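Peer 1: Need a 3D model of the following:
(one chain, ligands or ions: 1)
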Amino acid sequence: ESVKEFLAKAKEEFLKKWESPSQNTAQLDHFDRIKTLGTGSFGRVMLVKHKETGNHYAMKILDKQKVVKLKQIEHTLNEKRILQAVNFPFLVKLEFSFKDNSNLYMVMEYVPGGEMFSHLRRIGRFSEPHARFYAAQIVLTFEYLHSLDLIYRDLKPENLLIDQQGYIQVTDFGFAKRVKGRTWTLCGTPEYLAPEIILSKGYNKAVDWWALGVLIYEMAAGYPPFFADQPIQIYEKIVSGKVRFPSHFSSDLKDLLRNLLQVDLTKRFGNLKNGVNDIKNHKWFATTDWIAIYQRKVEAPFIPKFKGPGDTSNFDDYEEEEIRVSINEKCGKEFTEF
Ligand SMILES: Nc1cccc(C(=O)O)c1
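Peer 2: Numbers count the residues shown, from 1 in each chain. Shown next is the structure:
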């Protein structure tokens, strides 16, 4: 009942913000640009500093015209409406949002430890306890999101940032969506796609639990379970119903992963009658103190090295490009609600 009441309050608080979203809570010239932390086909993330408070933030900047061209309108509106309404210890917080004639802006908490992906590739693989510490945070985060009828749909090591305490902060809600029932959009990254996405079915929150299996495997092995050089070969392996496990995996880990990487979504852990509890009660999680993880009382396996809140050394280097704002409003209609 304590969990039921927690989730009921979480949903109430989410819905209040979901129904009346915040808008236009800062403007560009309140910030100094420091460094580009990441770039993509329609946007970028930059380290910025607030000129009056001195606080650092990560500012995601989306080019409205490119968002329209790449058919990402609904996805970007989803991302902002969801981020302004959620609140959970393992989600990067949205601090401000605004738009101008050219771009959409989401100003988030900066997480100087960088992406899990970088740390995983630098060390090779995580020990099972280390993988389990991160996995538990994802399980709780998905329990929270799913209780709000939210599907995340972009789990991968690049989207998990490691904070100053060694805990996970999930970022990039570009594919997150509120769904009661099914949804149909082809999205995700190839290695993490569930079979029902590849096969163009109407799919549901069970895709997140599949992706958790992929993530746990990749953390503990150092490479993802369906790896192949070409996407077509990845997809063939995903739908095949076969997975090979390193001999160093524990029997408990293999058993859990067989149940998360279950091709038949009606048999997949997280999607059975007992929901998330089939995962939380699995032997591989026997040592996990779920409340202590939520309360951030567990000592993390790894504290990222960084010098302070302005240190960018755990992110990589990109060509620094202008943030241009047109004299004329672009795509105003499409982004009215942002
Ligand atoms: N999405 C994204 C990318 C890089 C850094 C951050 C951050 O919140 O620190 C977020």
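Peer 1: Show me what from this protein comes close to the ligand.
Peer 2: Selection of the chain residues close to the ligand by Cβ under 6 Å from any ligand atom yields 37-38, 45, 58, 60, 92, 108-111, 161, 171-172. For every residue, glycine as well, the C-beta is placed using N, CA and C.
Peer 1: residue in this protein nearest to the ligand?
Peer 2: Closest residue of the chain to the ligand, Cβ to the nearest ligand atom: residue 58 (3.3 Å).
Peer 1: And for the helix or strand hosting that residue, what's in contact with it?
Peer 2: For residue 58, the host element (DSSP states H and E) is strand 56-63. Outside strand 56-63, the residues within contact range by Cβ atoms under 8 Å, 6 or more residues apart in numbering are 31, 34, 37, 42-50, 76, 92, 95-96, 102-111, 171, 309-310, 323.
Peer 1: cool, stretch 115-135 as well?
Peer 2: 156-162, 168, 212, 215-216, 218-222, 249-250, 253, 284-285, 287-288, 293, 298, 300-302, 304, 314-316.
Peer 1: among those, which are in strands?
Peer 2: Among the contacts of stretch 115-135, the members falling in strands (DSSP state E) are 160-162, 168.
Peer 1: Now do the same contact list for residue 172.
Peer 2: 154, 158-159.
Peer 1: May I ask which of these has the most neighbours?
Peer 2: residue 159 (23 neighbours; other Cβ atoms under 10 Å).
Peer 1: Nearest residue to that residue in space, please, no chain neighbours.
Peer 2: residue 172 (4.5 Å; Cβ to Cβ, 6 or more residues apart in numbering).
Peer 1: What's the end-to-end length of stretch 306-318?
Peer 2: 19 Å (Cα to Cα, to the nearest Å).
Peer 1: what about the nearest residue to residue 310 once chain neighbours are set aside, neighbour count?
Peer 2: For residue 310, ignoring the flanking residues on the chain, the nearest one in space by Cβ to Cβ, 6+ apart is residue 56 at 5.4 Å. For residue 56, the neighbour count with other Cβ under 10 Å is 20.
Peer 1: can you list the domains in the chain?
Peer 2: The record's domain parsing of the chain by curated CATH domains lists 1-20+115-305, 21-114+306-338.
Peer 1: quick one: which of the contacts of residue 172 is nearest to residue 65?
Peer 2: Distance to residue 65 across the contacts of residue 172 (Cβ to Cβ) is lowest for residue 154, with 23.0 Å.
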